[PDB]
Every structure is written in structure tokens, then in C-alpha cells.
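Each remark here refers to the structure printed beneath this line.
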Amino acid sequence: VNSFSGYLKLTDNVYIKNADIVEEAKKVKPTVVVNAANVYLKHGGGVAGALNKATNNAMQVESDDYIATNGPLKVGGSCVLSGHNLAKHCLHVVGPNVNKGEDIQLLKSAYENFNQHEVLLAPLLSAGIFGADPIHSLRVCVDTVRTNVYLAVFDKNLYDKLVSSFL
Ligand SMILES: O=C(Nc1ccc(C(=O)N[C@@H]2c3ccccc3CC[C@@H]2C(=O)O)cc1)NC1CC1
């Protein structure tokens, strides 16, 4: 049993809710919150900009030190950093950004990072301002992630569309 409340069960291991991942993280304090990161860990907009704002920019400060030491991530890759006031850890995962012309096939590799964590709170990778189809992202998620994932969907109309079209 875990403390994720009001989620709709999609499969054995994937659950979904219309909610602000910022509020969900603050409330549940999950072991892992997933950030929709870019390779430079520049948290400017969308999930990344929101999670960073909620940390009072501490996420960005930590991220800048990470990049200075290690260099950029790979598209499809990830790193584990602090969750600050939101979670124990933040898994920064880079899905392909279609608005940058990146290869959507890398979305499966991006979701494979979730399998290293037994339970996660997460957004849809490559969706929103990353430019890919959100129905597609949910499908890749369910077909790739085997660990327990709680997907918080910010946009109410998108949430309704995702539930109603889920196969
Ligand atoms: O800004 C705040 N949260 C906050 C800000 C931005 C987001 C965000 O970009 N979400 C994405 C998104 C957005 C629109 C349409 C589709 C998608 C799909 C991917 C992702 C998702 O929802 O899975 C989420 C939360 N909170 C403070 C109170 C205002």
C-alpha cells in the first residue's frame, strides 16, 4: 500500500490522475519524482520550470554543478539528483523534444530509466512542450515501464482525452 490518492488504475502497474505534479510531490513526498529534463538540465518551462520554481531555484543550482562536473546528459538518458522539498530524489529524464527535431524513437529508452525505481511520480515524457503525441507517450509508458508509476497530468482536458482513448 502507498499514499498516492485519487489515481485511476490503467494497468497492473500504471496509474493516472489529473493533478499538479508540484502539489502531488509536496503532499506525498515520494521517493522519486521524475523531471521532464533537457540534456543541459536548464529548467525553464513546463514540468522542469515548475519543479524548479517550487524548489526556489535550488534544483537549478544543483543541476548547474552536476553539468559542470559531468557534462550534458544524452537524449533518452537520466540522472538522479536531490528531490529538495518535493521528494527524496528527482530522476531527471530526457525525452526527445520534437520541437528541437529529436528522434521520437528515443522515447522508449527514456521510459526505461523508470525501471530502476520501484515507485515513481512522473509526467508524460516528450509530451506538452516537448512536442510529441501524449496518447503515444502514455502508450510507450505502459508498454515499457514495469515498476509502479503514478502519472500526474496537469491539463484537465488532456487527462479526460487520455482516459477516454486508453486501450
Ligand atoms: O506550474 C505548475 N505545475 C506544472 C507546470 C507545467 C506542467 C507541464 O508542463 N505538464 C506537461 C503538459 C502540460 C500541458 C499539456 C500537456 C502536458 C503533457 C506533459 C506534462 C504533463 O502534464 O504530464 C505541469 C505542472 N504549478 C504551479 C501552480 C502553478
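In the working numbering, the protein residues as written are 14 to 180.
Ideal Cβ placement from N, Cα and C applies to all residues, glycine included.
Quick check: is any heavy atom of ligand 1 less than 7 Å from the C-beta of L171? yes
Sequence-distant residues of the same chain with beta carbon closer than 7 Å to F17, five excluded per side: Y28, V41, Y163
Taking only three categories from DSSP, how would you classify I29? strand
For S139, collect the residues of the same chain with a Cβ closer than 6 Å to its Cβ; drop the 5 residues on either side in sequence, then sort them by chain order. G108, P109, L120, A145, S150
Supposed close pair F167, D33 - CB separation, criterion 8 Å: 6 Å
Reducing DSSP to helix, strand and coil, say where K22 ends up. strand
For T24, count neighbouring Cβ atoms within 10 angstroms of its own Cβ and tell me buried if that reaches 16, exposed if not. exposed
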